[PDB]
Amino acid sequence: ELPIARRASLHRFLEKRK
Amino acid sequence: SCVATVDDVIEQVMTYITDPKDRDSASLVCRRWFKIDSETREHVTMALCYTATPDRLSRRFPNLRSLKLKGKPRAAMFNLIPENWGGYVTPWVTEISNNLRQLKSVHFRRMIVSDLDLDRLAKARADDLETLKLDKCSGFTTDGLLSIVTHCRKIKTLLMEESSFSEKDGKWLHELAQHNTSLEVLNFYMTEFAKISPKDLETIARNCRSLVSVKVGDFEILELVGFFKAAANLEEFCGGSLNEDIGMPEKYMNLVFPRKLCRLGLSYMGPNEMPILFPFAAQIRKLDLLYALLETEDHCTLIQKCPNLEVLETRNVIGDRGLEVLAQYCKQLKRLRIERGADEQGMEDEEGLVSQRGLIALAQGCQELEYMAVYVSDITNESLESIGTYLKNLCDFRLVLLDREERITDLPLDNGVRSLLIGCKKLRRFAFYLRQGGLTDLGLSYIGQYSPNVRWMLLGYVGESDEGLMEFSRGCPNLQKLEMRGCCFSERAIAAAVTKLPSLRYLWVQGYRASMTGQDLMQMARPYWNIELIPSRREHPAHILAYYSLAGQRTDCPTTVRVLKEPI
Amino acid sequence: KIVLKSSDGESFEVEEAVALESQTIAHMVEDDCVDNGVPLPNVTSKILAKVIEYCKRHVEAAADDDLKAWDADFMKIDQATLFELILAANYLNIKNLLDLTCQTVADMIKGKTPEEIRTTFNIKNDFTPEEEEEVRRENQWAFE
Ligand SMILES: CC/C=C\C[C@@H]1C(=O)CC[C@@H]1CC(=O)N[C@H](C(=O)O)[C@@H](C)CC
């Protein structure tokens, strides 16, 4: 089950978003 | 007066050869030419610091003016590589301190940089250090920063983008404000700074007449008005924070943006604040809506206003509809990146999917495209054909298809990949990340067969059996770096394919049929070939990382990382 | 008008501003040896001729498209001559001209392989095989 790994800069942002 | 030879004139001519691939050749025509190249080479880049000793570098190129080292694998940018993996920069700075006494610019990329080792750099190189790029590095603090801004009084470009450090204070920025003049580009774009004063930023803009680019953290834009007025020659700005409260419907309608500003991206920018760009959209040539809070409709309305846009970076929210707008308003587009947005609560809207539709639309409109990276929610062989059909000077093409969708129209892409690879013959980097049924061994070999120019590949879920990987391996004349994850190939299959590849010097893999033995990997043991086995940080299957190195196996391995060495 | 005496006794009548392209002949109208004409015995007369021709045309930029034109066509000469020109521009001090001769030689290299190079220059490869291998290894595995 290999999940699409999120580019870290966007991971950080997508959290700040919510 | 005897007949004049080349040997009477080469020391002079050599300094007119700028191309790194021609210096490469020139260094090899004979011992004299080699020595001349050695003493005149100004810039070198190591794609993997562990590839050679810092001694070897300084011995070969004593008079470097610029250096660039990369450390952690690319996978590290995806929280796939352990933090302690390595990439320590210190040996390199004690070497710079001692033997590269000509160095005026240093760029570290994906490396570990300590306060000490940059205090050392700062003192060793001081006023001479014109540029310093801490690119996606870790392991230092503001003390480090403070050390380089006080001792390197003439810094022209200083960069920390996406680096992570410990913020103890703001004196570093203030020390820049109070004494620096030469600043041309300042960049802390993806960084949590909570202790620096916008005032200092403004006072810097006031004092550095040649200030062209500045990217920044989560500053409140309004706090930067002082800045913007003062930053006359500013051409690029990214960063900041647009925070709307309801109490002010026109919070930001009185923004002085510097007159020359033409490359930009305001963070968190919503549809309400989006209009502050219209006054000069004609002039915008680069757009970074990567961290923007606007929806598919809002994209179209803005894109439509920027006919001279040549670079655009956005999330998949742009949508097919957005891509269609881009298609005929921005013909001069050269680079497009569509990172993937919040794939949790629906997309970010119901048009926030990119597909065959958008791609084939784009392929027809923006034919000047040279870089295209896209996370798509659905493809068709047809679309790839149109790619390879219309946009010829594509150099870098990356495609990744999300697992969100259950059924994908027509799946095996064997014939699409092929026409693409055949149409874009300028292609040097190519990434193709699919789902299992995505590509059959026949197609995979099509990739090996039709990519003569590709030096780097990232391959997704290609193939069906090791048959494919082997077929692939008989191609790829110029493949240098190969990254594959989520593949069904076996250890001996990989090891075999590595042996067959002429140009390969770097291999990273996650996910493969292992064996407790471990010993199947071994059948790629060459001299100078280092192989490493890894875990994962920020269920994560084993990684394989192998690369050529004149240096031998690294001393600085973590505990999580194992170095394979013949029979154990 | 100034007089330039070539490396085989050969007076050359040239205009004021034409001879001043050479910062060597410029820095020589101070301690003006110009009384007996500027002596420069390290330039073949055949060559000095070609040099003046270049400066002549470039000074007539008082009145850009058609220059890279004449320039390209000016450079259609043999190697041996090309080199003698670089040497000459360096002996005088014509920055615009070195940037052309050197760049012309550099263009001959740009694209060729090490063999193709020492072929089209007749250079004996004196690399021990270990040396060549190390250099090649450094070049393709570590640096660049
Ligand atoms: C082994 C780890 C490295 C990569 C795996 C990551 C995934 O899980 C999906 C792809 C991503 C890597 C990556 O670099 N993809 C391209 C890029 O960012 O430029 C695409 C974003 C181009 C459209």
# chains A, B, ... in the order shown; residues from 1 in each chain; ligands from 1

call {"tool": "residues_near_ligand", "arguments": {"ligand": "ligand 1", "cutoff": "10 Å", "atoms": "only C-alpha atoms and all ligand atoms", "output": "number ranges by chain"}}
result
A: 2-7; B: 73-81, 337-340, 372-376, 396-402, 430-434, 458-460, 483-486, 508-511, 543

call {"tool": "residues_around", "arguments": {"residues": "residue 16 in chain A", "least_positions_apart": "4", "cutoff": "12 Å", "atoms": "only C-alpha atoms", "output": "PyMOL selection string"}}
result
(chain A and resi 9-12) or (chain B and resi 192+218+241+267-268+291-293+342)

call {"tool": "select_by_dssp", "arguments": {"residues": "chain A", "states": "alpha helix (DSSP H)", "output": "PyMOL selection string"}}
result
chain A and resi 8-17

call {"tool": "residues_around", "arguments": {"residues": "residue 476 in chain B", "least_positions_apart": "5", "cutoff": "9 Å", "atoms": "only C-alpha atoms", "output": "MDAnalysis selection string"}}
result
chainID B and resid 447:455 501:503

call {"tool": "residues_around", "arguments": {"residues": "residue 134 in chain C", "least_positions_apart": "3", "cutoff": "12 Å", "atoms": "only C-alpha atoms", "output": "ChimeraX atom specification"}}
result
/B:27-28,34,52,56,60,528,549-550 /C:127-131,137-143

call {"tool": "write_last_selection", "arguments": {"atoms": "C-alpha atoms", "output": "compact mmCIF listing (two decimals), in the first residue's frame"}}
result
# COMPACT_ATOMS: atom_id res chain seq x y z
CA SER B 27 40.07 18.61 -19.65
CA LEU B 28 40.67 15.37 -21.47
CA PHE B 34 43.75 19.46 -18.11
CA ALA B 52 34.09 12.41 -3.68
CA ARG B 56 39.80 15.57 -4.17
CA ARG B 60 41.26 19.35 -8.88
CA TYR B 528 33.37 2.26 -6.70
CA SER B 549 31.88 7.31 -5.49
CA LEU B 550 35.62 7.73 -5.69
CA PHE C 127 47.64 10.76 -20.62
CA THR C 128 48.72 7.59 -18.89
CA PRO C 129 45.63 5.36 -18.94
CA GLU C 130 45.24 5.68 -15.15
CA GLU C 131 45.32 9.46 -15.41
CA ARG C 137 35.80 9.19 -13.47
CA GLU C 138 35.94 12.54 -11.63
CA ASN C 139 34.26 14.17 -14.61
CA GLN C 140 31.32 11.78 -14.86
CA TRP C 141 30.77 10.58 -11.33
CA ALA C 142 31.60 13.54 -9.05
CA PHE C 143 32.06 17.00 -10.55

call {"tool": "residues_around", "arguments": {"residues": "residue 67 in chain B", "least_positions_apart": "6", "cutoff": "7 Å", "atoms": "only C-alpha atoms", "output": "PDB file with N, CA and C atoms, in the first residue's frame"}}
result
ATOM      1  N   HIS B  43      33.075  27.424 -11.536  1.00  0.00           N
ATOM      2  CA  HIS B  43      31.958  26.795 -10.848  1.00  0.00           C
ATOM      3  C   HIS B  43      31.875  25.275 -11.000  1.00  0.00           C
ATOM      4  N   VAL B  44      31.653  24.596  -9.893  1.00  0.00           N
ATOM      5  CA  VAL B  44      31.435  23.168  -9.909  1.00  0.00           C
ATOM      6  C   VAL B  44      30.183  22.794  -9.116  1.00  0.00           C
ATOM      7  N   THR B  45      29.518  21.722  -9.498  1.00  0.00           N
ATOM      8  CA  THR B  45      28.363  21.273  -8.762  1.00  0.00           C
ATOM      9  C   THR B  45      28.492  19.791  -8.498  1.00  0.00           C
ATOM     10  N   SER B 105      30.843  32.180  -3.538  1.00  0.00           N
ATOM     11  CA  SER B 105      29.456  31.753  -3.500  1.00  0.00           C
ATOM     12  C   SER B 105      29.283  30.274  -3.189  1.00  0.00           C
ATOM     13  N   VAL B 106      28.417  29.973  -2.232  1.00  0.00           N
ATOM     14  CA  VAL B 106      28.169  28.603  -1.803  1.00  0.00           C
ATOM     15  C   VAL B 106      26.692  28.295  -1.749  1.00  0.00           C
ATOM     16  N   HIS B 107      26.309  27.166  -2.314  1.00  0.00           N
ATOM     17  CA  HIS B 107      24.923  26.769  -2.350  1.00  0.00           C
ATOM     18  C   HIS B 107      24.892  25.364  -1.806  1.00  0.00           C
TER      19      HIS B 107
END

call {"tool": "residues_around", "arguments": {"residues": "residue 56 in chain C", "least_positions_apart": "4", "cutoff": "7 Å", "atoms": "only C-alpha atoms", "output": "PyMOL selection string"}}
result
chain C and resi 18+52+60

call {"tool": "interface_residues", "arguments": {"of": "chain C", "to": "chain B", "cutoff": "6 Å", "atoms": "only C-alpha atoms", "output": "ChimeraX atom specification"}}
result
/C:102,110,113-114,125-126,142-144

call {"tool": "atom_distance", "arguments": {"atom1": "CA of residue 220 in chain B", "atom2": "CA of residue 147 in chain B"}}
result
27.3 Å

call {"tool": "atom_distance", "arguments": {"atom1": "CA of residue 149 in chain B", "atom2": "CA of residue 100 in chain B"}}
result
20.6 Å

call {"tool": "residues_around", "arguments": {"residues": "residue 21 in chain C", "least_positions_apart": "5", "cutoff": "9 Å", "atoms": "only C-alpha atoms", "output": "list in words"}}
result
residues 26, 55, 59, 92, 93, 94, 95 and 96 of chain C

call {"tool": "closest_residue", "arguments": {"among": "C:135, C:29, C:15, C:75", "to": "residue 107 in chain C", "atoms": "only C-alpha atoms"}}
result
C:75

call {"tool": "atom_distance", "arguments": {"atom1": "CA of residue 197 in chain B", "atom2": "CA of residue 127 in chain B"}}
result
25.2 Å

call {"tool": "decode", "arguments": {"residues": "chain A", "atoms": "N, CA and C atoms", "output": "CSV table (one decimal), in the first residue's frame"}}
result
chain,number,residue,atom,x,y,z
A,1,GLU,N,0.8,-1.2,0.0
A,1,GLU,CA,0.0,0.0,0.0
A,1,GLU,C,0.8,1.3,0.0
A,2,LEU,N,1.5,1.6,-1.1
A,2,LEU,CA,2.3,2.8,-1.2
A,2,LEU,C,1.5,4.1,-1.5
A,3,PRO,N,1.4,5.0,-0.5
A,3,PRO,CA,0.6,6.2,-0.7
A,3,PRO,C,1.3,7.2,-1.4
A,4,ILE,N,0.7,8.1,-2.2
A,4,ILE,CA,1.4,9.2,-2.9
A,4,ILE,C,1.9,10.1,-1.8
A,5,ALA,N,3.2,10.2,-1.7
A,5,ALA,CA,3.8,11.0,-0.7
A,5,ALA,C,3.7,12.5,-1.1
A,6,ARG,N,3.4,13.3,-0.1
A,6,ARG,CA,3.1,14.7,-0.4
A,6,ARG,C,4.4,15.5,-0.3
A,7,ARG,N,4.7,16.3,-1.3
A,7,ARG,CA,5.8,17.2,-1.2
A,7,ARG,C,5.7,18.1,0.0
A,8,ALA,N,6.7,18.1,0.9
A,8,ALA,CA,6.7,18.6,2.2
A,8,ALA,C,6.2,20.1,2.3
A,9,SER,N,6.6,20.9,1.3
A,9,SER,CA,6.2,22.3,1.4
A,9,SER,C,4.7,22.5,1.3
A,10,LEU,N,4.0,21.6,0.5
A,10,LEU,CA,2.6,21.6,0.4
A,10,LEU,C,1.9,20.9,1.5
A,11,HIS,N,2.5,19.9,2.0
A,11,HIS,CA,2.0,19.3,3.3
A,11,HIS,C,1.8,20.3,4.4
A,12,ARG,N,2.8,21.1,4.6
A,12,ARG,CA,2.8,22.1,5.6
A,12,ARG,C,1.7,23.1,5.4
A,13,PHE,N,1.5,23.5,4.1
A,13,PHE,CA,0.5,24.5,3.7
A,13,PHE,C,-0.9,24.0,3.9
A,14,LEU,N,-1.1,22.8,3.4
A,14,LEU,CA,-2.5,22.2,3.4
A,14,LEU,C,-3.0,22.1,4.8
A,15,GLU,N,-2.1,22.0,5.8
A,15,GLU,CA,-2.5,22.1,7.2
A,15,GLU,C,-2.8,23.5,7.7
A,16,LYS,N,-1.9,24.4,7.4
A,16,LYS,CA,-2.2,25.8,7.7
A,16,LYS,C,-3.5,26.2,7.1
A,17,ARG,N,-3.8,25.7,5.9
A,17,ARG,CA,-5.1,26.0,5.2
A,17,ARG,C,-6.3,25.8,6.1
A,18,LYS,N,-6.4,24.5,6.6
A,18,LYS,CA,-7.5,24.2,7.5
A,18,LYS,C,-7.4,24.8,8.9
